[PDB]
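A.B. asks: Take a look at the following structure, please.
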Ligand SMILES: Nc1ncnc2c1ncn2[C@@H]1O[C@H](COP(=O)(O)OP(=O)(O)OP(=O)(O)O)[C@@H](O)[C@H]1O
Ligand SMILES: Nc1ncnc2c1ncn2[C@@H]1O[C@H](COP(=O)(O)OP(=O)(O)OP(=O)(O)O)[C@@H](O)[C@H]1O
Ligand SMILES: Nc1ncnc2c1ncn2[C@@H]1O[C@H](COP(=O)(O)OP(=O)(O)OP(=O)(O)O)[C@@H](O)[C@H]1O
Ligand SMILES: Nc1ncnc2c1ncn2[C@@H]1O[C@H](COP(=O)(O)OP(=O)(O)OP(=O)(O)O)[C@@H](O)[C@H]1O
Ligand SMILES: Nc1ncnc2c1ncn2[C@@H]1O[C@H](COP(=O)(O)OP(=O)(O)OP(=O)(O)O)[C@@H](O)[C@H]1O
Ligand SMILES: Nc1ncnc2c1ncn2[C@@H]1O[C@H](COP(=O)(O)OP(=O)(O)OP(=O)(O)O)[C@@H](O)[C@H]1O
Ligand SMILES: [Mg+2]
Ligand SMILES: [Mg+2]
Ligand SMILES: [Mg+2]
Ligand SMILES: [Mg+2]
Ligand SMILES: [Mg+2]
Ligand SMILES: [Mg+2]
């Protein structure tokens, strides 16, 4: 009846979603990767979480490191492994080579290693075991035939013991063999690969589960970051299209625009404002976050094109006061360049700021800034992540997207994200009698009636002023209309 | 007279179509692939199906696994191999190395292995044999010259016995050599390759038959998935252009549109609705599935851009009630992100939901959502698969495709799938006197008369309201017409 | 005086054209390729044809196969090698290793092999010899220096005997070395390579002659297929631009169109009908094949976009009766998806159906369907092949090509095949007073006067109805004209 294999949760954020419940119990898992991919962190975090979350003792077998550096490095992540050792929950088995040039055999006594591991497991009643570097042994006997045999023996004995084991191995190439010998991936039952791929001049960390014998999992690579709390994976494919909806309305900060939108924006919606540079997109954003503050709601403004000081100045020139909204702890401004962090990191930053500040609304100053140097697929996934999260958390979201052209536009955005957006506002230039006028239109609104008029508007020190449609002109959308009466 | 070689059906969905009847009888088949490609599953599923479908006993020769893990892993697929062993239909021959560092010869007694296999075959009257890993032997003698000889001996003896054998081997590279030594593909009579190709950040499983001596087969790769029921292959090239047709009509849910279509849509047809975001494509979809329910017919709505909760809200705003249609078990809504599954998996999901719910109609909320991150060829094949299936099963199908531009469109779709579609509905924006109006046109309808008018329409809380053509304007299709009277 | 070297015809369709008369007499030919490329079939088909066509006895030297499997596999192609052995015309020399682990020398007695071959040649008065796998010997002594020497000895002795020999060798990579050792291509006088290249997810079989010492040949790769009758090569470059012409006219099935074409279409011509989907291209095709049947001529309709059942329905809606035309054995309908076969196979299928049915006319339902997933060069070659063949066989050919856009077209086709077509018919949409009207124009006709008018036409249940030109409008070709009076 499709009986599942029982699994042990790793509690590594996002991992248990990818693996569909964690790692199979009583089996080994092989974690491979190039230097700097976070293999050691994965195997430490595995034992650490087991001990504190489930009260499951464990053993860390060390070959390259020493117990002192394992503990010292761990401290950077907020956890204390020395404490767990003193309490008899964590045990580190030191199998290092020692800083000596002496040798006796030239090989390695695998049998002795296994018996020492078995002893440690029984003594501490370990449920979880990690091995620092299996291949640190095989270097003394590097034929693929002997590697297969010796690895088989280690894996088989661990199964007999019953402890769940995470073995660490190593690779040279990001897209080369799973492990050095082309053997380990055929012997082990469960294979996980950590990568740190260099593309252009940036690095992207990704995790993949190649296989889990006897059980299902998500396939392909999923991005992750290493932060102060350890490994945090972001399996976008695990996000479901099950977000809630409502008929609750919120003001845009602009009264006439609220009328055009049929009584304000929906609270539970994504709003995209597009247009050429200088059309006033950031004016609507500033008024949006102000309205939240006016009603004593928290809001976060994520700035990418302008510094905080410049935002304050421009806001004052429009009759707004950002410093006052900050003093009341209603408005928070987060300024960074798109280039200061990876796209994966920007997503994490947005989520972290939301979790700490608990906003009713957020705004993204420029999606086109975030798209710089980003492929269409990578960018789109970011947008889906941010908008999906905002919907999930019931946060009203206003997003800005700059057009690459100011006349003759055939489209509203070139990012192809208008299928994600619920409400679209267009700001465009219109050339009337030798002058560069502006116009505003509500292009669509999924849950409501909206105005159809393309209305002229002006920007003053009181903010936007929306007037009448261009009734006596043709070809307004093109930006270069002709007068007919 | 072109005498065919008799074949043994594998009963692996789609495999017997690719192989033109299964595997040649009394011959070996070599199945190669990288770790995690499902080689073991293929060879187990082969023996399993033979035993339950044709009552043909078989032998599984094990080198890396143990009988206990073979059985335990198998259980995840719903079948019980332990039961078949107890009944004397399935036999597992344990040729594992044992978890010991001891050795006697350093090579392998192939003669002893063959005699043990022969014994098992005669004892259980086996017709089918599988070998877990032939190359687990060759590792002890890795010269290409000895591998060729020893493999030849194994294959030749199996032919003399008469049992049909599926041998498993291994590869390192997806597009490299068929097998490790560059030998096995020249010795074996029948060669099958399983791949798990990483492209971008996604994996695609494919199956290929490289050759079958003395018999024809389909060529190239064919996609497959591994599901709860084992391997399921989707050989699109095996689908025939032989679908039925009729003059039966069904209502669109919109009375005026039914008139434009000459008396409703054809039941046995594919309908494509295209247009820019905000033109009301999802309004027609909602009314389409409602009409089915109104007549007490089942329908499935496959949602990609909107969650269930949002669909319910938007439907209520248009005077519809989706929850009631669900309570009557007439309407089913399936919501998922395009990124949550592979394109191959989306096709399988659609087919599975149809098989379980038995709909009269289906609708695809957004083909352009499914096309995200998908090459033109991969996408087109998906569309052919879904539409071909819907025609085959006599299911009325409504598909939505968003335009990337809202003005100056030269085409109806950029996916080049309009040659598949039988009926095409276009929704466009028309700029009239400074406002963004909408228009609807039936572009084509293969089996019927249709209206030619491009008609203005409005969307209210009663749904679409289709009016008159723009008789006094020119250049309506461009979206920015000029008035002439 | 440019004395040629006498050649021996292989009678392998297309091969003797590429080789300019077959293989040089009294010399060896090396056939290399990867597993599954049809090397064995080539060498068997060579001996087989020699025996039945020229009554030339031959010897097949076997290393990997056994006589029983050679015969059994051969039967699938309709020929019986056992019969030829019994009659003393075909001899199979068994040089297999036997299914034994025993060895005496560890090398190979080449001298003994040669003497056995010589004996067989004299005994059966062989003129043709094939060798199953030369490299099955060299595996026991794999240095490039010994391979060169031993191969030289074999080739030199065969020349002294005088028999023409086709040797088989093997490769790992499709575009790598000609043979495993980088030797055989320098020793042998005549080198032929068989490939099975994987591009995207499809395989293409091609044949190339790398060199023939002392004689000319066609260069580069030429596509081939393996069918029930063995290897069939399609050397498009061997086709000559020497097709016949005449002033014979045939009706289009539409009376008014016949007038526009100056008295009907030329019998010996290629007619291309282009336009956007829904312009009635398939209406003209249906009437075209009907006219043939009306005059009691056979015609084949090759369908790619529509099933037979749908074609019948749509034809009935236009006042036609396809089933009746089938009963009289005048109309034949061949339905398949473009994806069901390779482009090379589609060409072969068209030729085979023509040879069996002996049509006066053929029609291709959609060239744009066949172009799916096909590069511009591969597609164009297909079109040249089909149209060249149709002209050669004096078959009137009507081809359909769908436009990717319906407004603002600058061109008639994007396939760049209008230079092949003799007569071009354009169907376009014209937007008149808010409606989507249609228009028909004869764009060109190489051998005749044709009308210049762009005429409005309607489609009813009586088929097309062609009226008057748009005399009072400008910019008709653009599809969005303006009225001037
Ligand atoms: N507190 C922290 N905050 C952010 N990043 C950190 C922190 N601590 C460590 N890192 C990063 O995480 C990475 C973890 O490296 P790790 O030791 O897991 O690599 P490894 O694969 O074990 O190395 P090797 O392959 O040489 O054994 C480090 O390269 C470091 O840059
Ligand atoms: N005090 C003011 N009075 C009148 N007009 C102003 C004032 N402040 C700004 N503007 C106008 O607003 C425009 C800038 O708009 P805003 O900064 O809101 O968005 P944007 O800069 O167009 O967006 P992007 O950052 O993509 O360019 C300027 O071109 C300027 O003419
Ligand atoms: N119940 C299930 N549902 C979905 N997927 C499954 C299920 N059970 C197994 N799988 C997947 O199918 C794959 C089958 O792997 P399999 O053991 O066939 O690989 P293999 O080629 O035999 O491995 P190796 O090359 O190491 O011998 C697994 O990697 C697993 O992810
Ligand atoms: N209750 C309503 N009254 C008036 N107009 C409405 C109402 N509900 C929705 N609309 C209009 O319908 C439009 C959305 O149409 P719909 O959601 O059916 O397809 P779509 O969203 O254009 O397709 P896509 O998802 O590709 O954008 C909105 O722009 C809005 O103006
Ligand atoms: N009756 C048939 N109809 C269609 N195709 C066939 C038929 N018989 C054989 N074939 C195909 O033709 C191919 C001929 O393979 P062939 O034995 O020539 O390969 P090979 O190069 O000799 O193999 P190897 O390199 O392993 O010696 C087969 O792979 C098979 O798929
Ligand atoms: N009985 C009929 N009465 C009136 N018009 C019809 C009838 N049958 C079909 N039509 C019209 O013919 C059009 C389809 O034309 P046809 O199928 O001949 O070529 P096509 O479908 O445009 O070519 P493609 O397959 O490339 O789209 C439809 O759009 C429809 O309006
Ligand atoms: Mg480490
Ligand atoms: Mg700005
Ligand atoms: Mg396996
Ligand atoms: Mg929609
Ligand atoms: Mg062969
Ligand atoms: Mg057609």
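We number chain C the same way Swiss-Prot does; the residues here are 14-498, in that order.
This deposition comes from electron microscopy, 2.8 Å.
Positions of Cβ are set from backbone N, Cα and C atoms, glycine also.
Straight out of Swiss-Prot:
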| type | residues | note |
| --- | --- | --- |
| ACT_SITE | C:77 | active site, proton acceptor in CI (KaiC 1) |
| ACT_SITE | C:318 | active site, proton acceptor in CII (KaiC 2) |
| BINDING | C:49, C:50, C:51, C:52, C:53, C:54, C:89, C:224, C:225, C:226, C:228, C:230, C:240, C:241 | ATP 1 binding site |
| BINDING | C:53 | Mg(2+) 1 binding site |
| BINDING | C:290-296, C:331, C:451, C:457-459, C:461, C:463, C:465 | ATP 2 binding site |
| BINDING | C:295, C:318 | Mg(2+) 2 binding site |
| REGION | C:115-122 | region 'B-loop, required to bind KaiB and SasA' |
| REGION | C:248-260 | region 'Linker' |
| REGION | C:488-497 | region 'A-loop, interacts with KaiA' |
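Map the listed features onto the structure and describe their local environment.
C.D. replies: The number of other CB atoms found within 10 A of the CB of residue C:77 (active site, proton acceptor in CI (KaiC 1)), across every protein chain shown, is 18.
Shown in sequence order, C:295, C:378, C:379, C:382 are the residues of the chain, 6+ apart in sequence, with a C-beta less than 8 angstroms from the C-beta of residue C:318 (active site, proton acceptor in CII (KaiC 2)).
The secondary structure of residue C:89 (ATP 1 binding site), as reduced to three states from DSSP, is helical.
Just so you know, the Cβ of residue C:53 (ATP 1 binding site) picks up 21 other Cβ atoms within 10 Å once every protein chain is counted.
Cβ neighbour count for residue C:451 (ATP 2 binding site) (all protein chains, 10 Å cutoff from its Cβ): 21.
Here the region 'B-loop, required to bind KaiB and SasA' (C:115-122) has, by DSSP, the following mix of helix, strand and coil residues: 0 helix, 0 strand, 8 coil.
Residues 27, 30-31, 231, 233, 235, 279-281, 394, 397-398, 401, 404-405, 407, 460 of the same chain lie 6 or more positions beyond the ends of the region 'Linker' (C:248-260) yet place their CB under 8 Å from a CB of it.
Listed by sequence, the residues of this chain that lie at least six past the ends of the region 'A-loop, interacts with KaiA' (C:488-497) yet keep a Cβ under 8 A from its Cβ atoms are 419-422, 441-445, 452, 467.
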A.B. asks: Please report, as numbers and ranges, the same-chain residues at least 6 past the borders of the region 'B-loop, required to bind KaiB and SasA' (C:115-122) whose CB is under 8 Å from any CB of it.
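C.D. replies: Same-chain residues near the region 'B-loop, required to bind KaiB and SasA' (C:115-122) but 6 or more away: 150, 153-154.
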A.B. asks: Which one is it: of the recorded positions C:51, C:53, C:77, whose Cα lies the shortest distance from the Cα of residue C:292 (ATP 2 binding site)?
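C.D. replies: With Cα distances computed to residue C:292 (ATP 2 binding site), the winner among C:51, C:53, C:77 is C:51.
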A.B. asks: Across all the protein chains here, work out how many other Cβ atoms are within 10 Å of the Cβ of residue C:458 (ATP 2 binding site).
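C.D. replies: By my count, 20.
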A.B. asks: Measure from each Cβ of the recorded positions C:77, C:228, C:290, C:318 to the Cβ atoms of chain B, and list in sequence order the residues where some distance is under 8 Å, or 'none'.
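C.D. replies: Answer, by Cβ distance to chain B: C:77, C:290, C:318.
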A.B. asks: Kindly report the helix/strand/coil residue split of the region 'A-loop, interacts with KaiA' (C:488-497) according to DSSP, in that order.
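C.D. replies: Taking each residue of the region 'A-loop, interacts with KaiA' (C:488-497) in turn, the totals are 0 helix, 2 strand, 8 coil.
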A.B. asks: Looking at the binding-site residues C:51, C:89, C:228, C:240, which has the shortest Cα distance to residue C:458 (ATP 2 binding site)?
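C.D. replies: Nearest in space to residue C:458 (ATP 2 binding site), counting only the binding-site residues, is C:240.
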A.B. asks: For residue C:53 (ATP 1 binding site), name the DSSP secondary structure in the helix/strand/coil scheme.
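C.D. replies: Helix, per DSSP.
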A.B. asks: To the nearest whole angstrom, state the Cα distance for the pair residue C:451 (ATP 2 binding site) and residue C:77 (active site, proton acceptor in CI (KaiC 1)).
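C.D. replies: Counting only the Cα atoms, the answer is 66 Å.
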A.B. asks: Could you round the CA separation between residue C:77 (active site, proton acceptor in CI (KaiC 1)) and residue C:89 (ATP 1 binding site) to a whole angstrom and send it over?
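C.D. replies: On Cα coordinates alone, these residues lie 19 Å apart.
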A.B. asks: Rounded to a whole angstrom, what is the C-alpha distance between residue C:228 (ATP 1 binding site) and residue C:465 (ATP 2 binding site)?
C.D. replies: 54
A.B. asks: Near ligand 5, which of the recorded positions C:49, C:89, C:228, C:318 have CB less than 6 Å from any of its atoms?
C.D. replies: C:49, C:89
A.B. asks: Using DSSP, what's the helix, strand and coil tally for the region 'Linker' (C:248-260)?
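C.D. replies: Counting residues per DSSP class in the region 'Linker' (C:248-260), I get 3 helix, 0 strand, 10 coil.
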A.B. asks: Please name which of the binding-site residues listed here, C:294, C:296, C:465, is nearest in space to residue C:225 (ATP 1 binding site), Cα against Cα.
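C.D. replies: That would be C:294, the closest of C:294, C:296, C:465 to residue C:225 (ATP 1 binding site).
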A.B. asks: Around residue C:295 (Mg(2+) 2 binding site), how many other CB atoms lie within 10 A of its CB?
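C.D. replies: Around the Cβ of residue C:295 (Mg(2+) 2 binding site), 25 other Cβ atoms lie within 10 Å.
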